[PDB]
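Notes to accompany the following structure.
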Amino acid sequence: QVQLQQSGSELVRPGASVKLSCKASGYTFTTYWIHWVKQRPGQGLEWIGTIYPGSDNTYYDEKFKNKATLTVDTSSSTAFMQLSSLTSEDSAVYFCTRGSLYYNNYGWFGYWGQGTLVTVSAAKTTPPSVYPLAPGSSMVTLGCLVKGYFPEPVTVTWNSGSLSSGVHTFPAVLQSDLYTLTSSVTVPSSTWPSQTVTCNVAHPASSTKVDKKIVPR
Amino acid sequence: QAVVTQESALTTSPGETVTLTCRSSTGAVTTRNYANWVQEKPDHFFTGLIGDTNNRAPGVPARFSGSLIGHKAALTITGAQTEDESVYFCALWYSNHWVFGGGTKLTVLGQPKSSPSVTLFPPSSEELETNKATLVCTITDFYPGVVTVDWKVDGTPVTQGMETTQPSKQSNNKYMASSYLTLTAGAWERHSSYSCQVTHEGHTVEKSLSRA
């Protein structure tokens with residue numbers, strides 16, 4: 001019923017701007033404060049500002065005094081945030097969230113939009129480079145490094161899905177406008193290298209596939 | 001310019017009572033701060049537990065009680081449940097603005113504690129052929145889901161070219177994470193021993209490799 005609809009994600013260019021949107025439903029948009037909050041990877045929430053859509057009274061954090069502009073269109077029940085002159089610093093998830101009927105008193109941040117992963121990057125669709133990770137030496141943990149691709153995501157499997165348990169695939173990291181992740185798999189010592197183990201990486205966005213057999217260093 | 005700080009991370013068994021605190025660096029926290037507590041859960045799911053200092057939002061279990069203890073705001077869980085594992089964020093209001101604490105990570109012990117499996121891979125000669133050297137440190141199967149990663153080279157510590165993904169939940173309810181050390185190939189061949197150390201529950205796991 002009460003619902004906050006933000007677009008899933010947005011790719012922005014280092015220098016450009018973006019108008020994030022947050023669409024209210026289930027109650028009267030003009031009667032509750034919207035707040036905008038920034039969150040990064042494993043970091044705190046950072047409160048940007050708030051807007052009363054019934055009044056247009058808006059308060060901003062000093063930090064974001066010249067970064068964000070809050071706006072509303074009451075006829076489409078949408079609060080907007082405008083972010084200006086973007087840098088990687090601004091790459092984050094941004095949430096709109098619903099406050100109280102009142103300034104601070106009788107309410108909660110009781111409802112939140114899904115968030116919008118804003119990604120600042122100058123990259124074009126770039127396929128991945130995949131590197132085998134063998135150990136330097138019970139059981140043995142191989143892996144492969146998927147480096148320098150864009151955009152998210154990739155799909156890694158091992159022996160075309162044949163090895164399933166013992167597979168860990170970690171979150172991407174954004175370094176120099178490009179994504180990196182890694183996958184590992186643990187297999188019995190003797191099995192490998194006698195039997196082959198191969199990561200099959202694939203990038204949907206570039207329609208590229210790279211298989212990579214792991215061999216002892 | 002007011003900094004709100006919470007306890008970094010706290011641990012507790014099911015049934016226990018625990019208190020998260022929320023400190024203001026402006027001074028004492030009063031009701032005039034309308035301390036709100038909000039909870040974050042995997043897949044960025046937020047729930048507003050307490051507003052107006054001690055006002056529970058409807059439906060929220062009794063378990064949770066907002067309170068002022070001394071000079072600090074406080075959230076208390078009385079009969080902590082396993083589903084309470086979460087980041088908890090307090091927020092305080094100040095002359096028109098809100099500020100969020102950095103958040104406490106709460107672990108309600110669902111299973112015995114578990115030390116990470118660390119694995120340190122060296123760079124592949126393929127990456128090396130592109131004049132790059134990435135060391136990858138994989139950390140899995142830890143509980144509580146709270147670690148800090150450090151890297152050392154030939155003894156001395158690193159603060160350049162390090163990245164660690166935030167610990168994410170494995171399907172057995174333990175956690176995993178990865179940490180990277182990106183350097184030049186030049187630099188990699190200039191040093192001998194490389195080390196990856198995860199601290200966890202007041203002790204340290206360390207994998208390292210010497211250069212061949």
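Numbering starts fresh at 1 for the residues of each chain in the structure tokens, the chains themselves are lettered A, B, ... in the order given, and ligands are numbered from 1 as they appear.
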
_Could you tell me which residues of chain A sit within 6 Å of chain B when counting only C-alpha atoms, and give me the result as a list in words?_
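So the residues of chain A near chain B are residues 42, 44, 105, 107, 108, 109, 110 and 135 of chain A.
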
*Looking only at the backbone, which of the residues in region 17-82 of chain B does DSSP tag as strand (DSSP E), as a count of residues only?*
36

*residue 68 (chain B): which residues within 10 Å, counting only C-alpha atoms, same-chain residues fewer than 5 positions away excluded, as number ranges by chain?*
B: 21-22, 28-31, 35, 53-54, 73-75

_Can you tell me which residues surround region 168-183 of chain A at a distance of at most 6 Å, considering only C-alpha atoms, apart from same-chain residues fewer than 3 positions away, and format the answer as JSON, numbers by chain?_
{"A": [121, 143, 144, 145, 146, 147, 148, 149, 150]}

With C-alpha atoms retained, write the just-selected residues as an mmCIF file, in the first residue's frame.
```
data_model
loop_
_atom_site.group_PDB
_atom_site.id
_atom_site.type_symbol
_atom_site.label_atom_id
_atom_site.label_comp_id
_atom_site.auth_asym_id
_atom_site.auth_seq_id
_atom_site.Cartn_x
_atom_site.Cartn_y
_atom_site.Cartn_z
ATOM 1 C CA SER A 121 31.773 6.288 -14.742
ATOM 2 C CA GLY A 143 39.848 -19.089 -8.364
ATOM 3 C CA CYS A 144 39.567 -16.626 -11.107
ATOM 4 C CA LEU A 145 39.752 -12.888 -11.288
ATOM 5 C CA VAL A 146 37.284 -11.023 -13.461
ATOM 6 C CA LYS A 147 38.833 -7.631 -13.949
ATOM 7 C CA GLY A 148 38.147 -4.409 -15.908
ATOM 8 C CA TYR A 149 34.585 -4.948 -17.229
ATOM 9 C CA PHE A 150 31.585 -2.713 -17.490
#
```

*Interatomic distance between CA of residue 30 (chain A) and CA of residue 48 (chain A)?*
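So the two atoms, CA of residue 30 (chain A) and CA of residue 48 (chain A), lie 19.9 Å apart.
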
Could you give me, as a PDB file with N, CA, C and O atoms, in the first residue's frame, the residues within 10 Å of residue 208 (chain A), counting only C-alpha atoms and dropping anything in the same chain fewer than 6 positions from it?
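Everything below was put into result_21.pdb:
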```pdb
ATOM      1  N   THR A 126      32.582  -2.478 -21.731  1.00  0.00           N
ATOM      2  CA  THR A 126      33.886  -3.094 -21.834  1.00  0.00           C
ATOM      3  C   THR A 126      33.826  -4.551 -21.362  1.00  0.00           C
ATOM      4  O   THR A 126      33.405  -4.839 -20.230  1.00  0.00           O
ATOM      5  N   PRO A 127      34.229  -5.483 -22.238  1.00  0.00           N
ATOM      6  CA  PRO A 127      34.257  -6.863 -21.796  1.00  0.00           C
ATOM      7  C   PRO A 127      35.399  -7.113 -20.837  1.00  0.00           C
ATOM      8  O   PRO A 127      36.364  -6.353 -20.805  1.00  0.00           O
ATOM      9  N   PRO A 128      35.274  -8.186 -20.056  1.00  0.00           N
ATOM     10  CA  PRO A 128      36.149  -8.509 -18.947  1.00  0.00           C
ATOM     11  C   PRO A 128      37.422  -9.151 -19.391  1.00  0.00           C
ATOM     12  O   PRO A 128      37.484  -9.681 -20.501  1.00  0.00           O
ATOM     13  N   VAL A 154      28.565  -9.858 -14.307  1.00  0.00           N
ATOM     14  CA  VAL A 154      29.040 -11.009 -15.073  1.00  0.00           C
ATOM     15  C   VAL A 154      28.475 -12.304 -14.475  1.00  0.00           C
ATOM     16  O   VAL A 154      27.889 -12.288 -13.377  1.00  0.00           O
ATOM     17  N   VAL A 201      33.492 -17.626 -17.540  1.00  0.00           N
ATOM     18  CA  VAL A 201      32.970 -16.300 -17.253  1.00  0.00           C
ATOM     19  C   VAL A 201      32.194 -15.893 -18.501  1.00  0.00           C
ATOM     20  O   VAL A 201      32.547 -16.309 -19.620  1.00  0.00           O
ATOM     21  N   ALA A 202      31.127 -15.112 -18.307  1.00  0.00           N
ATOM     22  CA  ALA A 202      30.395 -14.516 -19.438  1.00  0.00           C
ATOM     23  C   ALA A 202      29.852 -13.132 -19.085  1.00  0.00           C
ATOM     24  O   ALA A 202      29.379 -12.902 -17.986  1.00  0.00           O
TER      25      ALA A 202
END
```

_Residues within 9 Å of residue 152 (chain B), please, as number ranges by chain. Count only C-alpha atoms; anything in the same chain fewer than 4 positions from it doesn't count._
B: 156-158, 193-197, 208

*Write out as a list in words each polymer residue whose atoms come within 8 Å of region 111-113 of chain B, counting only C-alpha atoms; drop sequence neighbours fewer than 2 positions from it.*
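The contact residues come out as residues 109, 115, 142, 143 and 144 of chain B.
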
*asked:* Here is a test: counting only C-alpha atoms, which residue of B:24, B:117, B:11, B:204 is nearest to residue 80 (chain B)?
replied: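 Smallest distance to residue 80 (chain B) is found for B:11.
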